[PDB]
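Please treat every number below as a calculation from the coordinates, not as lab data. All Cβ positions, even for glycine, are placed from backbone atoms using ideal geometry, and neighbour counts span all protein chains on display.
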Amino acid sequence: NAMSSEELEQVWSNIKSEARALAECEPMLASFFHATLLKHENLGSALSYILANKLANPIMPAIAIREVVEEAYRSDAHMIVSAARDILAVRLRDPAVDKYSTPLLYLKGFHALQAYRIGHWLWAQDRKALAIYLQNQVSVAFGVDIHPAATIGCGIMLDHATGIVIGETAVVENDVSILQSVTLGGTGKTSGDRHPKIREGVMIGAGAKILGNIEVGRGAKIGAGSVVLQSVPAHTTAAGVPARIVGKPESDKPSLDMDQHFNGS
Amino acid sequence: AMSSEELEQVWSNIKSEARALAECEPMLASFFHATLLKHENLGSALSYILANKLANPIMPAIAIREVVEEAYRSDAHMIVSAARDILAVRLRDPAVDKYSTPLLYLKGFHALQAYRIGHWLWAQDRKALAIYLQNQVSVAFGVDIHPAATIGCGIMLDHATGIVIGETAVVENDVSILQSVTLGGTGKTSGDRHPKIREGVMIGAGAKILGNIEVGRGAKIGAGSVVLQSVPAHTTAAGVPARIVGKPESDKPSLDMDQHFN
Amino acid sequence: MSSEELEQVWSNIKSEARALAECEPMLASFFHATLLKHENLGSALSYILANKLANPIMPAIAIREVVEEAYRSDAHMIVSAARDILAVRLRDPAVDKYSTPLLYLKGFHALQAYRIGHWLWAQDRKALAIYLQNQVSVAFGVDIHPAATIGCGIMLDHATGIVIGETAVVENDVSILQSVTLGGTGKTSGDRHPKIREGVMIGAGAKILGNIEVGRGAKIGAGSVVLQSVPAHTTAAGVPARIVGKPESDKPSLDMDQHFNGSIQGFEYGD
Amino acid sequence: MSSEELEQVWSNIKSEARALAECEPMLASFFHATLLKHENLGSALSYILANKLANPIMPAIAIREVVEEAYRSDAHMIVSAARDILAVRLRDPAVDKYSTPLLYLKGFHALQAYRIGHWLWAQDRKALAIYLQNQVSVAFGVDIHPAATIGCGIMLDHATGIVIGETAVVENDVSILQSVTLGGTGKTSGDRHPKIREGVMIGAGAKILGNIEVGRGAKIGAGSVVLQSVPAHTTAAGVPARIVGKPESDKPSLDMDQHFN
Amino acid sequence: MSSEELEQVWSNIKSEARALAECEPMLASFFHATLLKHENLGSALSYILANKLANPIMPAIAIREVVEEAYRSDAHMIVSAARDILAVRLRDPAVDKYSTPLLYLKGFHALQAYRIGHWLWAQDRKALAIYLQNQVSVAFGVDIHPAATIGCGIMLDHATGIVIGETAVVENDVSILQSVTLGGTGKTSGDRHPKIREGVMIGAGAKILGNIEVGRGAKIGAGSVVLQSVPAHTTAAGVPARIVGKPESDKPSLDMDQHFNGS
Amino acid sequence: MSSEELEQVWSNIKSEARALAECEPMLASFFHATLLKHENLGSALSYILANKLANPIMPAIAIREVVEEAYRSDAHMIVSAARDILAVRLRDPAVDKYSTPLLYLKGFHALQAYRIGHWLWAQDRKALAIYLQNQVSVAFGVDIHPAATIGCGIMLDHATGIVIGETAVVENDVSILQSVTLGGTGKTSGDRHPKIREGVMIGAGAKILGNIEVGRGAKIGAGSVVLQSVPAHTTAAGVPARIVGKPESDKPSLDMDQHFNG
């Protein structure tokens, strides 16, 4: 999923192109599009602006949050490549999204995703107190609770996103697609590896509950509302409460196709 | 379809409750007064409340009221819908004992009314503003309703956290939907791919309904169920995935709220 | 909870605050205003809630007065709260500090907010409780009716999506995950919500409906839809839930073991 | 002022608006929600004022219903605003768009806010009028009592410091600058505040005290302390003020000639 | 001011609040949260000051706790606020309710805010005092240094533009109007602000500069610049000022008579 | 002011701010967010300014950007500000920390605010300039017109009520007290505002009007009304002002001697 700096700037230029048309057609939002997209020369400027505003609270206002976010980005440019891949993901996968700018401007799953990246960097930086603040602030604002120590790729779509929980020791690989109220949850009362490992290509239906240190193999599909307690073989479909292998997706990387069907028998 | 007298009675009941509310809880008095007592009809009170609820530094309450009020002038039936939606809430949910309760406090009711503003903006080809509000309601209330959706009235969204309703979803009149319900899509392409729910069907908490499917008239969709194929009229569908495990006891489950399935 | 126990918890919380303030300057004043500057937990908790629950309609400075009057009326609310902090610490592997629930965890926040509304409800100040209830719902995605009867030593992990209804009872030392409904059925008043007894743990997304009992030390699996009373010390799972085993210990709330079998046959088999 | 010359000012303001938006993309939404969206001066002005007067205690959305109610009742307040706008455009060289006083000028905003208080005062709503008055003093540093009687074609340039007392009267086409007091004397109720006739111009920091008159076309010098009446068409200056000349114009207010000797 | 003399004022203020609440529903909840719902003047006043000084840097809720710490340590701060309220009601003919200064009057709020700076400052919490000194100044256009020594039963009518510097003294029962300055001279520290004795009245726009004294019962005319001491029971006016007569009553502050002669 | 001297003022501030945050735990994060986290005056100012000037119409974070853009384009604005800091520190016996002007003093904020407005004005962003001018008038009670030409080493002590009009000029090293007007005359465009040359001290309440000059090192006594040009190194006082004497120092703006004896 690596991205040539020229690719990133191609993505940024597509968005700034949308922004101009948006400002014109909608005067009530023209000043908004201008301040967040049109005044900026690249995706990281915009992003730090968007998140600062979303995450602001009397405890820590937008202006103080943009400083943290931008320091993170100077330290780890790849975080911006991640965001662009995420934006690319939802446009291609979500038949409801038809502009590159919408994930960036509006979609809270995308925002919670990019907010976790900051929590994550802060975590690795041993700035855990701050990372925790942000974790819960994101939980309250978007209804999405992702622990900072989680390890998540890019090209990730969190559609609708409300109610998503991802725990401390989880791993989510690239090109993964996840729907509302999905839990990548723990088990037990002790510290230790106890959260799921979601491999490349996985698609997780809405309301699915995947618990423990178990694996979902690549190109696997978890049905909406399943409760997964054992590891799922690559390129299999799992489903039910608790889930069992039910069949096999009709494409190699279900995350890219968003087909929700399954047999459950 | 609600006559002026009916609209009025609804309003008359609310003012009545408010006068009492202001008297019993002084800290809220000025609130009641400004929101309800002050206005002469549901239309004026709603636009005020919706504005305040959608308010954002990007677009302030005072500015949102105008748009809301513009819609109510183009489509006055949005106000009637609202009235039916209050009534359904009071009739169906035993925890609510006032007409003012949904109008004032129940976000599911608010999300619903917010959607109708989006739905109108959509019709007007103001899709940008529609999209802005949709996601504003999502962040504010945890309810994600696409403005292209076609949603009737006499609709109860009880509790409402986590409700998702997609672009091509159709919900008809007199449908009750609980928290964590999805009327969801399938595939990566445009087109009919969201469920069409008919009159009177009741849907339990956490139900996931996926694809261009039908839930027929007066069907009951069991709580925590996942439905992938069309459910026939006046059956109870339940399970993961859902199977037809019976028939509702009443002709319109939505009005009864009986959560049981065989 | 004894006096000495309560002050120890508060004393730990302050000590955590000092250290937190030295290691995170962005947040030092917030730690000072919220915790360090207070003589005990009641003062801290009201400050917190007031700030959490503030709104244009009612600003934090006013709410604090209400919470204060409540704690002044029913001090065991503060004892409750202390019990809930311990619970989170002991049961959440992801929680490593006493100050974390109190400061950050909306599950815990929504619970102590419930406690204010529940006290109002019993003071016949129902308009205010109904107001607080839906404010807690919009801000935290947690919907608890003030007339519910909820104990302490309770954990609401993650918490987004929780619904607890009017006639529900939740006894002491219970653990509940995100998207758990303790909801009602039918269109009429009267007992219609579940009664959750000591020692229960309910997994993510469980929907428990009607006026049924879930017995002492039982477990409800994630994604389970409970339509019937669950006997004490049994495990119930599936949609609709049935009994599929017994928990590994006597009070599953404390251990948070999420495992269940899809079949009681399977639980006897070993898998 | 006629219907068609009121329309005129509104149409001009909107035009300035379409242009301001294009030239300042950061305020385009501001100009749009504030002017371009409204079909008349009254709408815009209620909008501006509501936003201007807003406080947690009473939000802009609420303040706006009050102000709208005052205008349904006495539409002349809207004609007075128009007049106040034309006064500033025409008499202040720093202002060159009608929209400017309407959007930005705090003196203009304190004047119009006084009219709502003044209206409320005659609607047996004195509690509310006193609330808005002191709210205006805090927000704009302009303290105007709502029982004061103030004409239109008034310019309050800069305006910080302006104090106008309860029993005071300002007639039409007057021009006041910053730091000017129209103040009372004594501990007792009753007439005790100045009466300022048509055409007068009062320089910055001038203090007019007691129930005295400043006559038609008289000019008060900046820094002046006026303790006795000033005959029409004279120039008064000094501490305490003395008569020292005659304005060169019949209506000093219109010309803003600050000179005295 | 006795225990009951104080209970009384507070009752007068509460009973006014009941009627206010009744005749303007829009402000009913506000009258209730600030006055009706409180038990005494200190409670009311801390709530009010809290909401008046609020800022994202330090919100009302935190501000209230400091204010209360102060009243708890120095309760006469509250007595002062009573004497000050009585003063505005007694001397300002446009003020007919005790509740008015307390609720609305920026110069009265500014005055009490100083009291808290002045306690902070004597408590060596000077950074705070200073932070408040300038917060009072930005919100209310009133700038007084926490180090000033300002007594009791004081009225700051209108208040915009008032400036009272670090070494100023103002005694009990003084009345001051808008755009007045009790100001300094020079670039060095040391005593350099005016001493204003009991019963003095200072008209609008008066600038008083340097370590000079305005004697007991004196009157300072509006617009006056005062560069030298002013004897007690004397009227001073002009730029610069000269004594131009003697005030009509013993304490002009009580009577607010603004008249003076030219020469 | 050199490069190496800027940095000692900054570090003197940063060093003060570390003492402050240890001494006042309620302000600790304030001090931290505003000074300590920054590695130069320009960053701290754009921060402080954005928050002092914040408004729903244009929020802090949006303002910071405009301000940073002004600094990039004309870095001397920052040296102006530092020279302004020093000015206060040395002239106002009430101030004993380099950080007091930067943090708290609105007359200094207004000055630096004017600077940005002045930049925009030159950038032909008059629209935004006018917005800021009046936002500063409301916020701080100081009205400075954007086209004004104002130097540095300038003190606006206290500063409530100051007015400085479109065609005014103030040269470096001027001290101006509260409620001072540099005002215009007439209803037509063109030079109608005072030019204050270097060194001038202007006492409180003074009003100076028309296109007139107050020469270098002259003193304008408080309450003065000045309608004719005032020679350099003279004291003018009275309503109206005449020459009353000569200041006792060569730059009165440094000495703050308010006495206009005569």
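Here the protein assembly as shown is assigned +1 on the Cβ of each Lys and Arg and -1 on the Cβ of each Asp and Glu. Its dipole about the Cα centre then comes out at about 540 debye. Kindly identify region C:139-228 as rounded, prolate or oblate by the Cα gyration tensor criterion: order the square roots of the eigenvalues as a ≥ b ≥ c, call it rounded if a/c is under 1.5, otherwise compare a/b with b/c, prolate if a/b is larger, else oblate. Rounded.
Here E:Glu166, D:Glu69 are placed in order of increasing Cβ neighbour count within 10 Å, fewest first, which gives D:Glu69, E:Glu166. Each residue of region D:6-11 was assigned a 3J(HN,Hα) from its phi angle through the Karplus expression (A = 6.51, B = -1.76, C = 1.60, θ = phi - 60°), giving 7, 3, 4, 4, 4, 4 Hz with x at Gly and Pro.
In this rough spin-label picture, where each label sits 7 Å from Cα along the Cβ direction, the C:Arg18-F:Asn261 distance is 6.0 nm. Sorting D:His158, A:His34 by the number of Cβ atoms found within 10 Å of their own Cβ, with the fewest placed first, yields A:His34, D:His158. Mean per-residue shielding of peptide D:218-229 is 5, counting Cβ atoms of other chains within 10 Å of each Cβ.
Using C-alpha pairs below 8 Å separated by at least 6 residues, the relative contact order for chain A is 10 percent.
For the protein assembly as shown, the residue among E:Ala204, F:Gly42, C:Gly184 whose Cα projects farthest onto the positive side of the dipole built from Cβ charges is E:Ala204. In this structure, the amide hydrogen of C:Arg242, modeled 1.01 Å from its nitrogen in the peptide plane, lies closer than 5 angstrom to those of C:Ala237, counting only residues at least 5 positions away or on a different chain.
Simple rule: put +1 on each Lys or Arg Cβ and -1 on each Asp or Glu Cβ in chain D, find the dipole, and look at D:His118, D:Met1, D:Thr100; the Cα lying farthest toward the positive end is D:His118. The count of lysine pairs in region C:1-142 whose Cα atoms are under 21 Å apart, excluding pairs fewer than 8 places apart on the same chain, comes to 10. Arranged from fewest to most other beta-carbon atoms within 10 Å of their beta carbon, D:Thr235, D:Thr181, A:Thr190 become A:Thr190, D:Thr235, D:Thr181. Each residue of region B:31-46 was assigned a 3J(HN,Hα) from its phi angle through the Karplus curve 6.51 cos²θ - 1.76 cosθ + 1.60 (θ = phi - 60°); the sequence is 4, 3, 5, 6, 8, 10, 2, 4, 10, 9, 5, 4, x, 6, 6, 5 Hz, with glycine and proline shown as x. Just to verify a number: FRET efficiency for B:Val245 and B:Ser190, C-beta to C-beta distance, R0 = 56 Å, to 0.05? Once the sixth-power term is evaluated, E becomes 0.95. Near the amide H of D:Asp257, within less than 5 Å, lie the amide hydrogens of F:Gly186, all on another chain or at least 5 residues away, with H placed in the peptide plane.
In the protein assembly as shown, the DSSP beta bridges split such that about 15 percent are antiparallel, to the nearest 5. Computed on region D:143-261, with alpha-carbon pairs under 8 angstrom and 6+ residues apart, the relative contact order is 18 percent. When only the Cβ of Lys, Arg, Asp and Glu is charged (+1, +1, -1, -1), the dipole of chain A relative to its Cα centre reaches about 660 debye. With the convex hull drawn over the C-alpha atoms of region A:1-144, the volume per residue is 115 Å³. Converting phi to 3J(HN,Hα) with the Karplus coefficients 6.51, -1.76 and 1.60 and the offset θ = phi - 60°, region A:49-57 yields 5, 3, 6, 3, 5, 4, 8, 5, 7 Hz in sequence order, with x at every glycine or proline.
Counting only Cβ charges, +1 for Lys and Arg and -1 for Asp and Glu, the dipole size of region E:1-133 around its Cα centre is about 340 debye.
Round to a whole angstrom and tell me the spacing of the C-alpha centers of region A:117-179 and region A:3-17. The distance from the Cα centre of region A:117-179 to that of region A:3-17 comes to 25 Å.
A straight Cα-to-Cα reach below 22 Å connects B:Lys252 with the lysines B:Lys196, B:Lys208, B:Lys220, C:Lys187, residues fewer than 8 places away in its own chain not being considered.
In this calculation the C-beta distance from C:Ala75 to E:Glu39 is compared with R0 = 30 Å, giving a FRET efficiency of 0.90.
Taking amide H atoms as placed 1.01 Å from N in the peptide plane, the amide H of C:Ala54 lies under 5 Å from those of C:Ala60, each 5 or more residues away in sequence or on another chain.
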